[PDB]
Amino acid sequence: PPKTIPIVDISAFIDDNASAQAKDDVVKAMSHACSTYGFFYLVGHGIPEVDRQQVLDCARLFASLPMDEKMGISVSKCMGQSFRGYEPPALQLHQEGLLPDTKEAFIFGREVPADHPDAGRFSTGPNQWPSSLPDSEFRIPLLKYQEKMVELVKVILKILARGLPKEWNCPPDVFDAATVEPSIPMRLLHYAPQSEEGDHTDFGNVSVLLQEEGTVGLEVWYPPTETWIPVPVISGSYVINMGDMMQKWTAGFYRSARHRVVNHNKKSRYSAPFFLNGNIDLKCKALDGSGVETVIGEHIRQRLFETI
């Protein structure tokens, strides 16, 4: 029974002067992690720690807005199925903060203008922005960080493509089309402390989680030993996991693991997960050459219906 998910240092891939052996070491480590656990810690991404800390400060800043202003940009008010804006807690009584055991989030994605023909299509459309926060303090750092998440998931996909079974003869670009005009939702999550008194998989391709220091929140189901693996916070790391669409694309070689967040917090906790769903119109062919075709957006919408 494993005690931890593995860790992958991708430095050899962020620098063009690393040895072929070191790059190959990264490829094998990430391939084994994603085909065994579906999860791994990633370090060596090169995203400055000040930027990560700024993202968590944005989460805290948004959460500090009064309930009325956050509901002014409720996801109810977004365009079509773009699912952008404020996700309210399940219960609320006051304008300030959260009731214990609830959570709230700000969701934003790829900026698509309202008059674009795709606006309002699944996970596609304009973002909603809280007007009381100045651009320099919220929207601008979040969009800059979004640039960096897009570049990081591109690198992750190149490493993963190099890690597939060689007899499938997949080229290292095999995933690249998913990164063109993609669905890329990001959440700024605020978890209230636990009171004194869930199980899921991600549907997309790659998830990149920024954790705040604190007690263990995340657990990953490992079927072979039927155990929940805790994922404590590791300084400098992201938690990376594969989603259902990636598992489907790779005919099950890369696993999409069940996971849940446990709330042992005595104070409010924040996190910032970024999700690569991918281009919602891309038709993906099973990389084992079995001829199965899956359209990303149809797959994700189907997963939503099956889970709700």
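In this text, residue numbers run from 1 along the sequence as written.
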From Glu197 to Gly198, how many deposited residues does the entry skip: none, 1 to 3, 4 to 9, or 10 or more?
4 to 9
Going by the B-factors listed in the PDB entry, is the mean over the C-alpha atoms higher for 30-38 or for 65-73?
65-73
Can you tell me which stretch has the higher mean Cα B-factor, 14-22 or 280-288?
14-22
Choose from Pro165, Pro182, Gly80, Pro126 the residue with the greatest Cα B-factor as stated in the PDB record.
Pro165
Scanning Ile234, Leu93, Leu189, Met149 for peak Cα temperature factor in the entry gives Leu93
What third of its chain, lowest, middle or highest, does the C-alpha temperature factor of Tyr222 fall into?
highest
On the chain's distribution of Cα B-factors, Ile7 falls within the third called lowest
Third of the chain's Cα B-factor distribution that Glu137 belongs to, per the entry:
highest
Could you look up the Cα B-factor of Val43 in the entry and say which third of the chain it sits in: lowest, middle or highest?
lowest
C-alpha B factor of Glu212, ranked within the chain: lowest, middle or highest third?
middle
